[PDB]
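J.: My sequence and its experimental structure, below.
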Amino acid sequence: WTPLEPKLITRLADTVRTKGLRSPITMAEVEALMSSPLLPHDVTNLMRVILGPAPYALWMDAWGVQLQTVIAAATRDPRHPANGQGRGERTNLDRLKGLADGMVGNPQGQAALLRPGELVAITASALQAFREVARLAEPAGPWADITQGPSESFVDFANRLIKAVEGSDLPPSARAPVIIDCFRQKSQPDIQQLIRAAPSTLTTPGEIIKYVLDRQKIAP
């Protein structure tokens, strides 16, 4: 786990802003730092600094497509650098994500696992996702967009929310009440009433659900 210096990125991003986020210099400056390969996690951290958390999420969406494009591209052209080595290994979105066994929980080891080149793909793909956001401008939320539905399980959804919050720009405290707050934010009245009727002795993304589930039980 190698923490990158945001101060440096901040200075670079500062120039981008001064030059205009919608300006070309952005790609130049961004390409300057990104000139080299990096991790996907840091990519978000970097972009987050360059672009607020609002547009950050938008970058994720574009990043997803950009990443997918690389996967399909590699699939179409058995000569992609993001590929293990040949058309045998073949690149994967998950792999580029770093969820591959041996890569999860290990950034350095993950990069060392991923041949030299795929990183660049992420860097470029990230740059592409950036321009996508620069073009757009929608104040969307990470968890704000996440809403609990009747079609989707409460726990299943809660996981998606928790996972979102976990990978969101929140302080060391908002990562608990925000998730639960989300539930009592919209969700349903039945569930809402459960949370609202919940005890004031617990307020974490675990006991709240555990309690709700404990209450839900199985009448029928």
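T.: Noted; the coordinates are in hand. Numbering: from 1, shown residues only.

J.: Report the buried residues of stretch 40-56.
T.: 40-51, 55-56 (16 or more other C-beta atoms under 10 Å). Backbone N, C-alpha and C define where each C-beta goes, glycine included.

J.: Now stretch 106-118 - C-alpha only, CSV.
T.: Once non-C-alpha atoms are left out, stretch 106-118 reads as follows in CSV (Å, rounded to 0.1, in the frame of the first residue of the first chain):
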residue,chain,number,x,y,z
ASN,A,106,-2.6,-6.0,-2.5
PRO,A,107,-2.0,-2.9,-4.8
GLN,A,108,1.8,-3.3,-5.3
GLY,A,109,1.5,-7.0,-5.7
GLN,A,110,-1.5,-6.5,-8.0
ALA,A,111,0.5,-4.2,-10.2
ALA,A,112,3.4,-6.6,-10.2
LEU,A,113,0.8,-9.3,-11.1
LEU,A,114,-0.5,-7.3,-14.0
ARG,A,115,2.0,-7.1,-16.8
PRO,A,116,3.4,-3.6,-17.7
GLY,A,117,0.9,-2.0,-20.0
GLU,A,118,-2.5,-2.7,-18.6
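
J.: how about it: buried residues?
T.: Of the residues in stretch 106-118, 107, 110, 111, 113, 114, 118 count as buried by neighbour count, 16+ other C-beta under 10 Å.

J.: tell me which of those is nearest to residue 139?
T.: residue 107 (30.8 Å; C-beta to C-beta).

J.: Is that closest one in contact with residue 39, as I believe?
T.: Yes - Residue 107 lies in contact with residue 39 (C-beta atoms under 8 Å); the separation is 5.5 Å.

J.: Domain-wise, how is the chain divided?
T.: Domain assignment for the chain, taken from curated CATH domains, gives 1-140, 141-220.

J.: starting at the chain centroid, how far to the first one?
T.: The reference is to domain 1-140. 11 Å (C-alpha atoms, centre = their mean, to the nearest Å).

J.: helix or strand for residue 182, which one?
T.: helix 177-183 (DSSP states H and E).

J.: in that helix, what counts as buried?
T.: 178, 179, 180, 182, 183.

J.: ok, of these, which one's closest to residue 145?
T.: Using C-beta to C-beta, residue 182 is the member of the buried residues of helix 177-183 that lies nearest residue 145, at 10.6 Å.

J.: so that closest one touches residue 145, yeah?
T.: No - taking contacts as C-beta under 8 Å, residue 182 lies outside contact range of residue 145: 10.6 Å.

J.: can you count the residues close to residue 96?
T.: If you count neighbours by other C-beta atoms under 10 Å, residue 96 ends up with 23.

J.: so after the host helix or strand of it, what's the next helix or strand?
T.: Element membership of residue 96 [criterion: DSSP H and E] is helix 93-97. Next along the chain after helix 93-97, taking DSSP H and E as the criterion, comes helix 107-113.

J.: show me where the chain has helices.
T.: 6-19, 25-34, 40-50, 53-76, 93-97, 107-113, 118-135, 154-166, 177-183, 189-196, 207-216 (DSSP state H).

J.: so the longest one versus helix 40-50, what angle?
T.: Note on geometry: by axes from the mean of the first three to the mean of the last three C-alpha atoms, to 10 degrees, helix 53-76 and helix 40-50 are set 140 degrees apart in direction.
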